[PDB]
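Below is one structure, written out as structure tokens; the observations come after it.
Here is the naming used below: chain letters follow the sequence lines, and residue numbers restart at 1 for every chain.
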Amino acid sequence: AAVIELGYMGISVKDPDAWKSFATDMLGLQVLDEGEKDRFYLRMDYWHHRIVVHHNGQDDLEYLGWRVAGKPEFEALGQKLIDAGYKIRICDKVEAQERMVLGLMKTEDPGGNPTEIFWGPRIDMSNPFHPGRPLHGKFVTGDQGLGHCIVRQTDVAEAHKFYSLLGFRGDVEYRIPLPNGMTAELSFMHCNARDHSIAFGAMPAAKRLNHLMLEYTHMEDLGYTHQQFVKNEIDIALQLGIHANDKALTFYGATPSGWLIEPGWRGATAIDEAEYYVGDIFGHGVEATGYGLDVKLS
Amino acid sequence: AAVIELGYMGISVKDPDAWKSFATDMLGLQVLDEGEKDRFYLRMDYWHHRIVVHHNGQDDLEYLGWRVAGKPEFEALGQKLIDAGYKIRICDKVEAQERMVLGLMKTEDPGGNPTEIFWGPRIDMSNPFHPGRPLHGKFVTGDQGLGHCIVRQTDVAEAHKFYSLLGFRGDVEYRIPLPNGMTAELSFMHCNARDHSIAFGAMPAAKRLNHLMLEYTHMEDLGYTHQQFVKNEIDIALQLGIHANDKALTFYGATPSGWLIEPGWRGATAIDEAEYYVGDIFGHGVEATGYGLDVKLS
Amino acid sequence: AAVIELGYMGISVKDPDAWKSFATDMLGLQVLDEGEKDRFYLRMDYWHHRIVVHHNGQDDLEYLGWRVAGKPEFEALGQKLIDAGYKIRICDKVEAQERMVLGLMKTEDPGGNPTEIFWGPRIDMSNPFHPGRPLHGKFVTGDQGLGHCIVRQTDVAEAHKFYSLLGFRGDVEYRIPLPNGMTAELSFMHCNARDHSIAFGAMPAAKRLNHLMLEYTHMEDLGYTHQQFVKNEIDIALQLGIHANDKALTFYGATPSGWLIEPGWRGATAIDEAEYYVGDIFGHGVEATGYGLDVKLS
Amino acid sequence: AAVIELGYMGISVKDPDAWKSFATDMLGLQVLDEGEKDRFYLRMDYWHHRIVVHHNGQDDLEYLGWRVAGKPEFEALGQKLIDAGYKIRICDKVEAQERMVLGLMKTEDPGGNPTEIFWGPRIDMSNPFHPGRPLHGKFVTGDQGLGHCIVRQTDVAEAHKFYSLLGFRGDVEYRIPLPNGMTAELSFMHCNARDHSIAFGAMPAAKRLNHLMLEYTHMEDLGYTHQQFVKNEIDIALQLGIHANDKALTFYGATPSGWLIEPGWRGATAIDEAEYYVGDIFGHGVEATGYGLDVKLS
Amino acid sequence: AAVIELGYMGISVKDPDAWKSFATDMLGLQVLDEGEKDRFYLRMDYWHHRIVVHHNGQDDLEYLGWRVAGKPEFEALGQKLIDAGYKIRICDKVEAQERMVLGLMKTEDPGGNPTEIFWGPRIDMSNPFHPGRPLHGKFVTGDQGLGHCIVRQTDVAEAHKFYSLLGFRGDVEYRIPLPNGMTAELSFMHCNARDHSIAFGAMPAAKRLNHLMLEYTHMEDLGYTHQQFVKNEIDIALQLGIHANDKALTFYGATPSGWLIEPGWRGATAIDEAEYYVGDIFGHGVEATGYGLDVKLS
Ligand SMILES: Oc1cccc(-c2ccccc2)c1O
Ligand SMILES: Oc1cccc(-c2ccccc2)c1O
Ligand SMILES: Oc1cccc(-c2ccccc2)c1O
Ligand SMILES: Oc1cccc(-c2ccccc2)c1O
Ligand SMILES: Oc1cccc(-c2ccccc2)c1O
Ligand SMILES: Oc1cccc(-c2ccccc2)c1O
Ligand SMILES: Oc1cccc(-c2ccccc2)c1O
Ligand SMILES: Oc1cccc(-c2ccccc2)c1O
Ligand SMILES: Oc1cccc(-c2ccccc2)c1O
Ligand SMILES: Oc1cccc(-c2ccccc2)c1O
Ligand SMILES: Oc1cccc(-c2ccccc2)c1O
Ligand SMILES: Oc1cccc(-c2ccccc2)c1O
Ligand SMILES: Oc1cccc(-c2ccccc2)c1O
Ligand SMILES: Oc1cccc(-c2ccccc2)c1O
Ligand SMILES: Oc1cccc(-c2ccccc2)c1O
Ligand SMILES: [Fe+2]
Ligand SMILES: [Fe+2]
Ligand SMILES: [Fe+2]
Ligand SMILES: [Fe+2]
Ligand SMILES: [Fe+2]
Ligand SMILES: [Mg+2]
Ligand SMILES: [Mg+2]
Ligand SMILES: [Mg+2]
Ligand SMILES: [Mg+2]
Ligand SMILES: [Mg+2]
């Protein structure tokens, strides 16, 4: 009984109009606006939505929504969290319906990141994904969930304890030499075939969210997205490259919210056997600075 | 009875030392030096060599070596060329041994590019390919030959006539809008599964050779090669991108000889059904100029 | 309309008893003795036989039996041979029944090797192969015929002309440096998926037959056969090794007749694209001399 | 929670220069020298290293490094060892960094063989394996670890108890008749798909290490390695052959340290169903003596 | 921890000479005679033997040998039997060596059938199976063990209890209408992929053994065996047919011992979901009577 994917996430923004154009044109996400005054939705697949975009916001993460298989796993995981001393709240029907899920609980991770556990997402099988721009392919979701995030943590061991309790596996996978003779350690945790769904280190961070990674089925879509960022003169924090752990081809670019999007292609299957690396396979060179990723990876 | 691959090529250079370091470090080719005063060899696979590098040169193409299956196809193709009015010379044993082939004929294509037809290459099965730097993978050769070239032509129809006679198929595949309201037409011809092995247009060219394309089995090797060009501050004429015909991910970078190398990955199978395009899938943006590829492809 | 396999061969021996023990114990062939005063048979598969062993012999080849698909190909190939000036004889029923074939013609190759062309071999489907010793596996026959032979030739070009007319393809595949500064050229020809079925050079030879190659399905059988030759102190002319053309693991050992047997495993598919080599992949070192294979291959 | 592969090993040598030439030329291993005064590394794959070669040594094993999946399995296995009465030491960070692992513990097996248990090896994905000589293929590592060793034991039952506790399975697989009417019993244990990773008997042994087996992906590399040993007149203790348990084609040759290397090809998958044999499939005949393997296997 | 196959069986006979000719000629088994005064062996595969044939016998079963995976399963199953009140004896080394196994225990089933449990059979990988007559194929053994037996039982529920404890699964699969208005119930139990390895009912039986089933890989071998029984005028108790449970094509014929052999082909995989039938798919008509199988199956 455990978390099985990153199901949805909630973000808040100061400029919904910018975000709509960004999501559709720069990424190929689908905008779904249900006429609600304070929010709209982004789709990737048959799910009613993967991302909720709240208005009047802080340009940061609002919540991560972690899926469990069904009510039995929901109830068991709640009691597990309670038993280990974590503070959780089981939500009422109104709150569950807000997220469009059958069961919902709210807590916060050890870093203060608002964390939701749910079962029973709404799937709109009648409404196939229709991307915000023409795409050669689609997104990799399914058993691997929407993507992955790096979020702020103040205590890596406590964060690891919490995510392990949720059913994640993983540990330190990068030891990065720093220009001070020190080492930066990044830990990466998986809960399904996606090489990682959550990752973190002890680094001071101005925002809850460092970056969100979204994966294309097709290299042609990743390339065109890269071209869109360049044509539109959008900051690329780390250039195209291949991480040693997940082995995806990715780059990192600015969002209208100032945290990074990592569009990518060809992520490898998660492994339970822990390894570490001291650098990337190639690329991911620093280009734009001021984003929390001034580290040497190749 | 026809040409079946680009088997070898000969180039001449002014700086053999630069070329050795370039081939090994920037590309991962193997240098084989047989102690000959005026030449060395580059390997890609079990062939004794794919490229002959002659010293004291012109920094351009010396010859293209087109393979036929055996002596019967050799003899039939010679008589075909003679019958259609082309000037060929069947080489003696000494000349054949120079190229390390069992049978050899020399002619020139309609653009003045020295052209060789041969059967029976020397394979050193005892000496497996050992790349000039560590590689994740290897090169795509085999049935597809060493790679592809764009070479100078003065008359596209005459060039097409000549290569069709050799057993190639293909025609105009790109019509590129030019800043003058004119169109540039590029023709691409295949003789095996490699999407193309020879290509050309009517464009004035300072050299016989515009570019040579070499294909990696592994994207990781292409990325690292791209990183090598950037770290070494080598001119990139056209940035990373995907052509609409061959669908390979490639970039074009300078050689010590001033003509371009196109390192690449994931070329599609040649098709006999002619199509045309007016642009690339993404990328291949102009970066360095002065190389004969100032055209808008995306 | 062409030759499709080496179907059977006839040999003559001075010591049938030695040959029986040799075939069964050292090789795992099946001895079938039909009570004929002057001959016995060796089986490899469901064929009534692959090898006829005649008594009172010369310890050399008596005939090679080349199969065509049926009577139409038989009649067409006969007329082809006649038309090109070769002397053939179409055999009567008694002669055909001697070889246990439906149609039979006799001629000699340009080297004086008695050569038979036939259609319609006798298959004893009721009598499955039962090897002369326990085997892990069986023999590779089927579409590839019984194996391959190197036979004496006095004129390589004439031999090539003759076998090409029979439907074989191939040419010079080895150029072997000799301790005299000279080169030995060996030509290898295929008529099916077996990398070669006949091979030859211009070398003076005391016998029609240099060696016969037989292929095991299982490496374990080849190893045990190698062990049998060693335990029985049988001459090994060339030690274990891998030829660059066929890529089989083989060794060459003496027969009671003084010509060599080449037991082997893992032969590659024949290719129509001619290549040449100047040495083997590894091994095939000279051990026993006096056998016509004192050449340096690794 | 258990050992999952032989991850690394440490050896000490009197002649590092000999070992470098041996590793590269005779075996095709990669030498990696990090400029440390007292040691260098041998690579087989993307791991930073598989073998540590310490200078100023005893020409024997220094340690075997057994990998577990992650920290949870590490902690559970430590407590398991403690609970069963074994003496272990959990290493500090400096000691862990020495081995380039995330967690490290040291103990000794019942035979006095220094034994390490670790999680989190360093993988240099940026630095693909580059063999010390040209290779047709590569090494079999991955889920099967670096290879297998036979090490000295004084009490087979105690050794079995210890390795079973570490998660290995296996028992007596060979009962070898001895020229004294006695029987030699060898036990073989697996911890993954490699047929065995550790093996032993009660035999008096002058060294900790009897032999190390390394596996090639390609038979052509094994043959060429065999040829290298012969050309360089290196002692072969047991000739080419196929063991009945693992079914690999192997030979055993001397190292500069006097213990044996067993280069091999085509190892079968480990089975949990115990069988025994009284001899090999073929070969492995004694050639050079004085190495602890004077036993009759075929 | 459980029984995993019928590994060997022991029978005793009054006429060893008849049995040798029967095994080889009528069935294609291999006779292996180790020069022991009182016994010989029958082989089916790489096992030293599957059947021990004791002389001076009773023309009935002597023992069934049930394999477990290794010593741990051996020790656990012994204690399980003891704990449930069964009488077992763990054998000494001399007794274990008699059966050529690493560990051995003896007991009797609830019907008085001597029952052995063992681990570690002797495999003669060096001595491939060599059938007693030419065969098109071989036997189905491997994970499915040697075959299956129906043995006498006096209490079906007690027999079921005992075999369930050994790790078998299965129950009543046939309810056969009898000419008395009664029903015969036969129970069939599996311990691997073989549809059943042991089967029984409450029927009075003059012998321990009703029949032994042996399976050919090839239908051609089953047909030829059927032809051998007919040509030699050997009693066929039940004619060719297909049972509804195992779905093999089989017949039942007399042995020199008077109990039946069931040669067969194409047995289906065992299923854990219990079904029953009231008749066969076709055939298995009574021919010879006096054998304990006078029941109507089609
Ligand atoms: O420990 C784990 C915890 C959660 C999920 C996985 C997983 C990994 C790959 C594919 C499917 C599931 C896992 O290994
Ligand atoms: O998906 C990923 C895989 C490996 C490393 C990172 C990473 C890069 C820079 C800073 C923090 C993490 C990552 O995002
Ligand atoms: O503030 C911003 C920061 C980064 C990107 C955009 C953007 C939005 C839509 C389309 C293109 C770029 C933006 O507005
Ligand atoms: O017209 C043609 C001429 C020469 C080669 C090909 C070919 C294309 C793809 C794969 C193999 C051969 C071809 O189509
Ligand atoms: O391989 C290729 C595929 C498609 C186009 C080109 C090309 C690009 C620029 C100028 C000329 C040709 C090419 O090289
Ligand atoms: O003139 C030149 C032009 C382009 C590249 C190189 C180069 C050669 C070796 C290594 C790196 C770059 C060079 O010398
Ligand atoms: O030219 C040829 C003549 C005769 C047979 C083949 C052949 C080769 C491989 C597989 C099947 C037939 C062939 O190529
Ligand atoms: O099958 C074969 C493949 C390649 C070469 C030979 C050969 C070796 C020595 C002398 C003549 C031929 C051969 O038999
Ligand atoms: O003259 C001979 C030459 C070579 C081998 C044998 C031989 C025959 C049977 C069994 C073993 C060896 C032989 O007799
Ligand atoms: O008992 C065992 C203990 C450890 C590993 C294996 C294993 C065997 C084959 C393939 C994968 C794992 C095993 O069976
Ligand atoms: O890998 C192996 C498999 C089977 C036996 C041995 C062995 C041979 C001689 C002495 C000790 C063990 C071995 O190494
Ligand atoms: O003492 C030694 C024992 C065995 C082999 C070597 C050796 C080392 C390098 C290259 C070839 C052989 C050696 O030096
Ligand atoms: O309950 C069972 C007990 C023993 C074996 C099996 C089994 C059946 C089919 C294939 C493999 C094992 C089984 O199902
Ligand atoms: O394998 C088998 C499958 C189904 C039934 C029987 C059987 C037939 C007659 C009497 C007793 C059992 C059998 O042997
Ligand atoms: O008593 C007997 C009963 C049944 C069969 C045989 C027999 C033995 C060998 C060959 C053929 C039949 C026999 O002897
Ligand atoms: Fe990421
Ligand atoms: Fe190109
Ligand atoms: Fe040969
Ligand atoms: Fe070994
Ligand atoms: Fe049965
Ligand atoms: Mg991971
Ligand atoms: Mg084309
Ligand atoms: Mg050939
Ligand atoms: Mg084992
Ligand atoms: Mg059943």
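- More than 12 heavy-atom neighbours from other residues, nucleotides or ligands sit within 6.0 angstrom of CZ on D:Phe139.
- Considering only heavy-atom pairs separated by less than 4.5 Å from chain D, the leading option among C:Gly285, C:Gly241, C:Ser298 is C:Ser298.
- Proximity to chain D (any heavy atom under 4.5 Å) is shown, for C:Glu220, by both the backbone and the side chain.
- Among the candidates C:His226, C:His136, C:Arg266, the residue making the largest number of heavy-atom pairs closer than 4.5 Å to chain D is C:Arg266.
- Between the CD atom in C:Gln239 and the CD atom in D:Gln227 there is a gap of 9.5 Å [rounded to 0.5 Å].
- Heavy atoms from other residues, nucleotides or ligands lying under 6.0 Å from CG of D:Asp143 number 12 at most.
- Distance CD/D:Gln228 to CZ/C:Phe282: 12.0 Å, rounded to 0.5 Å.
- Note that CG of C:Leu249 and CG of D:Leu249 are 7.5 Å apart. Values are rounded to the nearest 0.5 Å.
- Counting non-hydrogen atoms of neighbouring residues, nucleotides and ligands closer than 6.0 angstrom, the NZ atom of D:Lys138 reaches no more than 12 such neighbours.
- Of the atoms belonging to D:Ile242, it is side-chain heavy atoms, and not backbone ones, that fall under 4.5 Å from chain C.
- By the 6.0 Å contact criterion, OH on C:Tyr224 is open, its count of non-hydrogen atoms from other residues, nucleotides or ligands being 12 or less.
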